[PDB]
>>> print(open('structure-v4.pdb').read())   # PDB, C-alpha atoms
ATOM      1  CA  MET A   1     -14.346   3.031 -10.940  1.00  0.00           C
ATOM      2  CA  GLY A   2     -10.694   3.956 -11.590  1.00  0.00           C
ATOM      3  CA  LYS A   3      -8.080   3.753 -14.383  1.00  0.00           C
ATOM      4  CA  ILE A   4      -4.261   4.020 -14.497  1.00  0.00           C
ATOM      5  CA  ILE A   5      -1.937   4.455 -17.498  1.00  0.00           C
ATOM      6  CA  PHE A   6       1.837   3.842 -17.297  1.00  0.00           C
ATOM      7  CA  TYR A   7       4.195   5.824 -19.593  1.00  0.00           C
ATOM      8  CA  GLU A   8       7.830   4.950 -20.409  1.00  0.00           C
ATOM      9  CA  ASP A   9       8.839   8.588 -21.063  1.00  0.00           C
ATOM     10  CA  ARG A  10       8.788  11.217 -18.285  1.00  0.00           C
ATOM     11  CA  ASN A  11       6.650  13.666 -20.303  1.00  0.00           C
ATOM     12  CA  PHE A  12       3.913  10.998 -20.403  1.00  0.00           C
ATOM     13  CA  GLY A  13       5.288   9.721 -23.731  1.00  0.00           C
ATOM     14  CA  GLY A  14       7.245   6.750 -25.139  1.00  0.00           C
ATOM     15  CA  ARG A  15       5.627   3.309 -24.736  1.00  0.00           C
ATOM     16  CA  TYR A  16       2.266   3.833 -22.987  1.00  0.00           C
ATOM     17  CA  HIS A  17       0.234   1.128 -21.220  1.00  0.00           C
ATOM     18  CA  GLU A  18      -3.387   1.360 -19.982  1.00  0.00           C
ATOM     19  CA  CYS A  19      -4.184  -0.839 -16.937  1.00  0.00           C
ATOM     20  CA  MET A  20      -7.572  -1.152 -15.203  1.00  0.00           C
ATOM     21  CA  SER A  21      -7.303  -4.587 -13.561  1.00  0.00           C
ATOM     22  CA  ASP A  22      -4.943  -6.438 -11.191  1.00  0.00           C
ATOM     23  CA  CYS A  23      -1.685  -7.652 -12.755  1.00  0.00           C
ATOM     24  CA  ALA A  24       0.836 -10.035 -11.178  1.00  0.00           C
ATOM     25  CA  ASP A  25       3.180  -9.330 -14.089  1.00  0.00           C
ATOM     26  CA  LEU A  26       4.039  -5.820 -15.335  1.00  0.00           C
ATOM     27  CA  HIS A  27       7.462  -6.781 -16.736  1.00  0.00           C
ATOM     28  CA  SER A  28       5.667  -8.644 -19.558  1.00  0.00           C
ATOM     29  CA  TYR A  29       4.131  -5.263 -20.386  1.00  0.00           C
ATOM     30  CA  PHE A  30       7.135  -3.011 -19.723  1.00  0.00           C
ATOM     31  CA  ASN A  31      10.523  -3.400 -17.956  1.00  0.00           C
ATOM     32  CA  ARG A  32      10.825   0.313 -17.050  1.00  0.00           C
ATOM     33  CA  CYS A  33       8.378   3.161 -16.329  1.00  0.00           C
ATOM     34  CA  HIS A  34       9.379   6.755 -15.474  1.00  0.00           C
ATOM     35  CA  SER A  35       5.824   8.186 -15.528  1.00  0.00           C
ATOM     36  CA  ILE A  36       2.488   6.900 -14.176  1.00  0.00           C
ATOM     37  CA  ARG A  37      -0.998   8.434 -14.544  1.00  0.00           C
ATOM     38  CA  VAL A  38      -4.082   7.706 -12.407  1.00  0.00           C
ATOM     39  CA  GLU A  39      -7.226   9.320 -13.793  1.00  0.00           C
ATOM     40  CA  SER A  40      -9.518   8.159 -10.983  1.00  0.00           C
ATOM     41  CA  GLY A  41      -9.784   5.737  -8.054  1.00  0.00           C
ATOM     42  CA  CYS A  42      -6.702   4.301  -6.330  1.00  0.00           C
ATOM     43  CA  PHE A  43      -3.969   1.940  -7.585  1.00  0.00           C
ATOM     44  CA  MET A  44      -1.625  -0.257  -5.538  1.00  0.00           C
ATOM     45  CA  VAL A  45       1.708  -0.903  -7.298  1.00  0.00           C
ATOM     46  CA  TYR A  46       4.407  -3.385  -6.266  1.00  0.00           C
ATOM     47  CA  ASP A  47       8.160  -3.350  -6.994  1.00  0.00           C
ATOM     48  CA  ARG A  48       8.024  -7.162  -7.330  1.00  0.00           C
ATOM     49  CA  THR A  49       5.672  -9.536  -9.197  1.00  0.00           C
ATOM     50  CA  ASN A  50       2.698 -11.166  -7.416  1.00  0.00           C
ATOM     51  CA  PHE A  51       1.965  -8.118  -5.201  1.00  0.00           C
ATOM     52  CA  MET A  52       5.362  -8.119  -3.435  1.00  0.00           C
ATOM     53  CA  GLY A  53       8.477  -5.909  -2.988  1.00  0.00           C
ATOM     54  CA  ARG A  54       8.350  -2.169  -2.240  1.00  0.00           C
ATOM     55  CA  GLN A  55       4.600  -1.417  -2.247  1.00  0.00           C
ATOM     56  CA  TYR A  56       3.434   2.113  -3.157  1.00  0.00           C
ATOM     57  CA  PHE A  57      -0.116   3.481  -2.842  1.00  0.00           C
ATOM     58  CA  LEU A  58      -1.077   5.911  -5.641  1.00  0.00           C
ATOM     59  CA  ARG A  59      -4.352   7.917  -5.528  1.00  0.00           C
ATOM     60  CA  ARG A  60      -6.258   9.611  -8.380  1.00  0.00           C
ATOM     61  CA  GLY A  61      -3.599  11.971  -9.772  1.00  0.00           C
ATOM     62  CA  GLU A  62      -0.835  12.352 -12.376  1.00  0.00           C
ATOM     63  CA  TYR A  63       2.693  11.229 -11.414  1.00  0.00           C
ATOM     64  CA  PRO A  64       5.210  13.028 -13.697  1.00  0.00           C
ATOM     65  CA  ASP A  65       8.179  11.199 -12.100  1.00  0.00           C
ATOM     66  CA  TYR A  66       8.503   8.473  -9.424  1.00  0.00           C
ATOM     67  CA  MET A  67      12.052   7.027  -9.674  1.00  0.00           C
ATOM     68  CA  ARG A  68      14.026   9.625  -7.680  1.00  0.00           C
ATOM     69  CA  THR A  69      10.953  10.872  -5.793  1.00  0.00           C
ATOM     70  CA  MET A  70      10.150   7.336  -4.520  1.00  0.00           C
ATOM     71  CA  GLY A  71      13.757   6.101  -4.154  1.00  0.00           C
ATOM     72  CA  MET A  72      13.621   2.999  -6.426  1.00  0.00           C
ATOM     73  CA  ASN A  73      15.726   1.581  -9.302  1.00  0.00           C
ATOM     74  CA  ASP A  74      13.305   0.440 -12.056  1.00  0.00           C
ATOM     75  CA  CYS A  75       9.536   0.247 -12.549  1.00  0.00           C
ATOM     76  CA  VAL A  76       6.911  -1.842 -10.732  1.00  0.00           C
ATOM     77  CA  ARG A  77       6.683  -5.527 -11.584  1.00  0.00           C
ATOM     78  CA  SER A  78       3.171  -6.051 -10.130  1.00  0.00           C
ATOM     79  CA  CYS A  79       0.029  -4.138  -9.113  1.00  0.00           C
ATOM     80  CA  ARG A  80      -3.505  -4.534  -7.722  1.00  0.00           C
ATOM     81  CA  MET A  81      -6.600  -2.404  -8.448  1.00  0.00           C
ATOM     82  CA  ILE A  82      -8.720  -1.095  -5.552  1.00  0.00           C
ATOM     83  CA  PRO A  83     -12.452  -0.962  -6.496  1.00  0.00           C
ATOM     84  CA  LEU A  84     -15.251   0.800  -4.570  1.00  0.00           C
ATOM     85  CA  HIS A  85     -15.531  -2.280  -2.319  1.00  0.00           C
ATOM     86  CA  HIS A  86     -15.519  -0.921   1.256  1.00  0.00           C
ATOM     87  CA  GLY A  87     -18.006  -2.525   3.662  1.00  0.00           C
ATOM     88  CA  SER A  88     -16.763  -1.588   7.163  1.00  0.00           C
ATOM     89  CA  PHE A  89     -13.497   0.040   8.343  1.00  0.00           C
ATOM     90  CA  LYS A  90     -11.922  -1.394  11.507  1.00  0.00           C
ATOM     91  CA  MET A  91      -8.438  -2.773  12.267  1.00  0.00           C
ATOM     92  CA  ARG A  92      -8.207  -5.366  15.064  1.00  0.00           C
ATOM     93  CA  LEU A  93      -4.689  -5.318  16.536  1.00  0.00           C
ATOM     94  CA  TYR A  94      -2.981  -7.912  18.703  1.00  0.00           C
ATOM     95  CA  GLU A  95       0.395  -7.302  20.397  1.00  0.00           C
ATOM     96  CA  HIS A  96       1.490 -10.942  19.776  1.00  0.00           C
ATOM     97  CA  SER A  97       1.484 -13.090  16.600  1.00  0.00           C
ATOM     98  CA  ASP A  98      -1.834 -14.829  15.776  1.00  0.00           C
ATOM     99  CA  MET A  99      -4.208 -12.829  17.992  1.00  0.00           C
ATOM    100  CA  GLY A 100      -2.407 -12.813  21.354  1.00  0.00           C
ATOM    101  CA  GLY A 101      -0.849 -10.004  23.402  1.00  0.00           C
ATOM    102  CA  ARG A 102      -3.129  -6.976  23.948  1.00  0.00           C
ATOM    103  CA  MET A 103      -6.026  -6.376  21.532  1.00  0.00           C
ATOM    104  CA  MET A 104      -6.384  -2.746  20.390  1.00  0.00           C
ATOM    105  CA  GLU A 105      -9.247  -1.560  18.152  1.00  0.00           C
ATOM    106  CA  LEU A 106      -8.482   1.072  15.491  1.00  0.00           C
ATOM    107  CA  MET A 107     -11.290   2.561  13.342  1.00  0.00           C
ATOM    108  CA  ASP A 108      -9.667   5.910  12.429  1.00  0.00           C
ATOM    109  CA  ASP A 109      -6.326   7.409  11.378  1.00  0.00           C
ATOM    110  CA  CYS A 110      -3.420   6.718  13.778  1.00  0.00           C
ATOM    111  CA  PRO A 111      -0.557   9.212  13.136  1.00  0.00           C
ATOM    112  CA  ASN A 112       1.141   8.613  16.522  1.00  0.00           C
ATOM    113  CA  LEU A 113       0.487   5.100  17.841  1.00  0.00           C
ATOM    114  CA  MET A 114       3.205   5.629  20.456  1.00  0.00           C
ATOM    115  CA  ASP A 115       0.956   8.129  22.220  1.00  0.00           C
ATOM    116  CA  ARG A 116      -2.251   6.135  21.608  1.00  0.00           C
ATOM    117  CA  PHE A 117      -1.493   2.617  22.881  1.00  0.00           C
ATOM    118  CA  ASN A 118       2.038   3.373  24.164  1.00  0.00           C
ATOM    119  CA  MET A 119       3.246   0.479  22.007  1.00  0.00           C
ATOM    120  CA  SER A 120       4.856   0.579  18.571  1.00  0.00           C
ATOM    121  CA  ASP A 121       5.438  -3.175  17.976  1.00  0.00           C
ATOM    122  CA  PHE A 122       2.343  -5.366  17.342  1.00  0.00           C
ATOM    123  CA  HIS A 123       2.997  -8.875  15.966  1.00  0.00           C
ATOM    124  CA  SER A 124      -0.636  -9.496  14.864  1.00  0.00           C
ATOM    125  CA  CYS A 125      -3.487  -7.591  13.209  1.00  0.00           C
ATOM    126  CA  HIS A 126      -6.744  -8.089  11.280  1.00  0.00           C
ATOM    127  CA  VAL A 127      -8.948  -6.004   8.939  1.00  0.00           C
ATOM    128  CA  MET A 128     -12.749  -6.202   9.167  1.00  0.00           C
ATOM    129  CA  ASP A 129     -13.056  -4.570   5.744  1.00  0.00           C
ATOM    130  CA  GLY A 130     -11.914  -1.685   3.522  1.00  0.00           C
ATOM    131  CA  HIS A 131      -8.214  -0.857   2.984  1.00  0.00           C
ATOM    132  CA  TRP A 132      -5.623   0.132   5.627  1.00  0.00           C
ATOM    133  CA  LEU A 133      -2.118   1.570   4.991  1.00  0.00           C
ATOM    134  CA  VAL A 134       0.466   0.953   7.756  1.00  0.00           C
ATOM    135  CA  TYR A 135       3.607   3.092   8.252  1.00  0.00           C
ATOM    136  CA  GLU A 136       6.799   1.827   9.955  1.00  0.00           C
ATOM    137  CA  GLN A 137       7.361   5.445  11.079  1.00  0.00           C
ATOM    138  CA  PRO A 138       4.854   8.017  12.484  1.00  0.00           C
ATOM    139  CA  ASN A 139       3.363  11.009  10.596  1.00  0.00           C
ATOM    140  CA  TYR A 140       2.480   8.446   7.889  1.00  0.00           C
ATOM    141  CA  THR A 141       6.141   7.865   6.929  1.00  0.00           C
ATOM    142  CA  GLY A 142       8.573   4.902   6.704  1.00  0.00           C
ATOM    143  CA  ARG A 143       8.078   1.518   4.985  1.00  0.00           C
ATOM    144  CA  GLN A 144       4.364   1.546   4.202  1.00  0.00           C
ATOM    145  CA  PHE A 145       2.431  -1.752   4.254  1.00  0.00           C
ATOM    146  CA  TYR A 146      -0.959  -2.298   2.578  1.00  0.00           C
ATOM    147  CA  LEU A 147      -3.103  -4.467   4.887  1.00  0.00           C
ATOM    148  CA  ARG A 148      -6.394  -5.622   3.318  1.00  0.00           C
ATOM    149  CA  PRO A 149      -9.296  -7.676   4.783  1.00  0.00           C
ATOM    150  CA  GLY A 150      -8.412 -11.020   6.397  1.00  0.00           C
ATOM    151  CA  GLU A 151      -6.274 -11.907   9.439  1.00  0.00           C
ATOM    152  CA  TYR A 152      -2.568 -11.137   9.991  1.00  0.00           C
ATOM    153  CA  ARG A 153      -0.507 -13.081  12.576  1.00  0.00           C
ATOM    154  CA  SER A 154       3.159 -12.030  12.197  1.00  0.00           C
ATOM    155  CA  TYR A 155       5.799 -10.082  10.244  1.00  0.00           C
ATOM    156  CA  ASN A 156       5.405 -12.708   7.512  1.00  0.00           C
ATOM    157  CA  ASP A 157       1.738 -11.658   7.135  1.00  0.00           C
ATOM    158  CA  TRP A 158       1.883  -7.981   6.086  1.00  0.00           C
ATOM    159  CA  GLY A 159       5.102  -9.036   4.333  1.00  0.00           C
ATOM    160  CA  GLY A 160       7.178  -7.404   7.087  1.00  0.00           C
ATOM    161  CA  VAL A 161      10.018  -8.623   9.309  1.00  0.00           C
ATOM    162  CA  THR A 162       9.980  -6.285  12.306  1.00  0.00           C
ATOM    163  CA  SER A 163       6.966  -4.631  13.957  1.00  0.00           C
ATOM    164  CA  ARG A 164       8.040  -0.956  14.335  1.00  0.00           C
ATOM    165  CA  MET A 165       4.641   0.571  13.356  1.00  0.00           C
ATOM    166  CA  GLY A 166       4.184   4.205  14.430  1.00  0.00           C
ATOM    167  CA  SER A 167       1.614   5.563  11.926  1.00  0.00           C
ATOM    168  CA  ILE A 168      -1.410   4.206  10.062  1.00  0.00           C
ATOM    169  CA  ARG A 169      -3.860   5.762   7.556  1.00  0.00           C
ATOM    170  CA  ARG A 170      -7.427   4.617   6.861  1.00  0.00           C
ATOM    171  CA  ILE A 171      -7.969   4.914   3.103  1.00  0.00           C
ATOM    172  CA  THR A 172     -11.294   6.807   3.281  1.00  0.00           C
ATOM    173  CA  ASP A 173     -11.189   9.517   0.614  1.00  0.00           C
ATOM    174  CA  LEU A 174     -11.374   9.102  -3.175  1.00  0.00           C
TER     175      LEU A 174
END
>>> encode(input="structure-v4.pdb", output="structure tokens")
Amino acid sequence: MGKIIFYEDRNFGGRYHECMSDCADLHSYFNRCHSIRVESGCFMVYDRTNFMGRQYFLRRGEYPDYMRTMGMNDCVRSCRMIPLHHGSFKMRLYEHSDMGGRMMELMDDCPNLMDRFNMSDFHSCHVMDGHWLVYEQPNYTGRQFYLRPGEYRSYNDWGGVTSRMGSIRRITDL
């Protein structure tokens, strides 16, 4: 399993909060958080309520500071827990919205999609299972998007607007 504790003070002090389940409302718990602590498993945090806004993926570890190191202006307002639920890992990509354009299959880590499919703008995608992190820029950098199981058909699916995806990481390491 996995557990995450949020701390208001930077030295892991001040108002503390222990979270171990999804939460589409962190403001009701705290309006600011300078320190976060993950003891085990992975935690998905959102800068907006209901799993929206700047999304950040945290893995088992202690985060002593994440306001200037992440480039934000407040704490997270939402979050989702990621349990050991990983059946199969495979991302089905489609160059056009829905499932049109060219279909590319991705079952591993894609640090340079430009060199792999010679295309950096796909308007559709789908996840067979597991958890996939998408990066607007290569080398796993840029606006990261958390795509989970289900089908994506446009920028309004992974909560994006453009399609400039250059890097992708397959969460496969606890």
>>> residues_around(input="structure-v4.pdb", residues="residue 24 in chain A", least_positions_apart="2", cutoff="6 Å", atoms="all atoms listed in the file", output="list in words")
residues 49, 50 and 78 of chain A
>>> residues_around(input="structure-v4.pdb", residues="residue 100 in chain A", least_positions_apart="6", cutoff="12 Å", atoms="all atoms listed in the file", output="number ranges by chain")
A: 92-94, 122-126, 152-154
>>> axis_aligned_box(input="structure-v4.pdb", around="range 136-141 of chain A", padding_each_side="4 Å", output="lines of an AutoDock Vina configuration file")
center_x = 4.9
center_y = 6.4
center_z = 9.7
size_x = 12.9
size_y = 17.2
size_z = 13.6
>>> resolve_selection(input="structure-v4.pdb", expression="the PyMOL selection byres ((chain A and resi 67-77) around 6)", output="list in words")
residues 25, 26, 27, 32, 33, 46, 47, 48, 49, 66 and 78 of chain A
>>> atom_distance(input="structure-v4.pdb", atom1="CA of residue 60 in chain A", atom2="CA of residue 40 in chain A")
4.4 Å
>>> atom_distance(input="structure-v4.pdb", atom1="CA of residue 104 in chain A", atom2="CA of residue 134 in chain A")
14.8 Å
>>> decode(input="structure-v4.pdb", residues="range 140-152 of chain A", atoms="N, CA and C atoms", output="PDB file, in the first residue's frame")
ATOM      1  N   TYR A 140      11.519  13.610 -20.390  1.00  0.00           N
ATOM      2  CA  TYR A 140      10.566  13.614 -19.234  1.00  0.00           C
ATOM      3  C   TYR A 140      10.502  15.013 -18.616  1.00  0.00           C
ATOM      4  N   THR A 141      10.256  16.019 -19.410  1.00  0.00           N
ATOM      5  CA  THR A 141      10.186  17.407 -18.859  1.00  0.00           C
ATOM      6  C   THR A 141       9.018  18.164 -19.500  1.00  0.00           C
ATOM      7  N   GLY A 142       8.630  19.292 -18.945  1.00  0.00           N
ATOM      8  CA  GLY A 142       7.495  20.062 -19.531  1.00  0.00           C
ATOM      9  C   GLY A 142       6.202  19.729 -18.777  1.00  0.00           C
ATOM     10  N   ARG A 143       5.108  20.326 -19.177  1.00  0.00           N
ATOM     11  CA  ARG A 143       3.813  20.064 -18.482  1.00  0.00           C
ATOM     12  C   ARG A 143       3.542  18.567 -18.481  1.00  0.00           C
ATOM     13  N   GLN A 144       3.561  17.963 -17.332  1.00  0.00           N
ATOM     14  CA  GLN A 144       3.318  16.503 -17.268  1.00  0.00           C
ATOM     15  C   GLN A 144       1.818  16.223 -17.156  1.00  0.00           C
ATOM     16  N   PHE A 145       1.361  15.196 -17.821  1.00  0.00           N
ATOM     17  CA  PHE A 145      -0.089  14.834 -17.752  1.00  0.00           C
ATOM     18  C   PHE A 145      -0.221  13.385 -17.284  1.00  0.00           C
ATOM     19  N   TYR A 146      -1.102  13.142 -16.353  1.00  0.00           N
ATOM     20  CA  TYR A 146      -1.282  11.759 -15.824  1.00  0.00           C
ATOM     21  C   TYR A 146      -2.429  11.066 -16.566  1.00  0.00           C
ATOM     22  N   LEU A 147      -2.111  10.201 -17.492  1.00  0.00           N
ATOM     23  CA  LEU A 147      -3.178   9.486 -18.249  1.00  0.00           C
ATOM     24  C   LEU A 147      -3.401   8.104 -17.631  1.00  0.00           C
ATOM     25  N   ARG A 148      -4.607   7.849 -17.191  1.00  0.00           N
ATOM     26  CA  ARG A 148      -4.936   6.539 -16.561  1.00  0.00           C
ATOM     27  C   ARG A 148      -5.747   5.700 -17.554  1.00  0.00           C
ATOM     28  N   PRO A 149      -6.156   4.520 -17.165  1.00  0.00           N
ATOM     29  CA  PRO A 149      -6.956   3.625 -18.050  1.00  0.00           C
ATOM     30  C   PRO A 149      -8.182   4.339 -18.622  1.00  0.00           C
ATOM     31  N   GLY A 150      -8.646   3.888 -19.752  1.00  0.00           N
ATOM     32  CA  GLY A 150      -9.826   4.528 -20.399  1.00  0.00           C
ATOM     33  C   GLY A 150      -9.426   4.990 -21.798  1.00  0.00           C
ATOM     34  N   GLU A 151     -10.232   5.811 -22.419  1.00  0.00           N
ATOM     35  CA  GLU A 151      -9.898   6.287 -23.793  1.00  0.00           C
ATOM     36  C   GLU A 151      -9.823   7.816 -23.826  1.00  0.00           C
ATOM     37  N   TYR A 152      -8.825   8.337 -24.490  1.00  0.00           N
ATOM     38  CA  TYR A 152      -8.668   9.813 -24.620  1.00  0.00           C
ATOM     39  C   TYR A 152      -8.921  10.167 -26.086  1.00  0.00           C
TER      40      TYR A 152
END
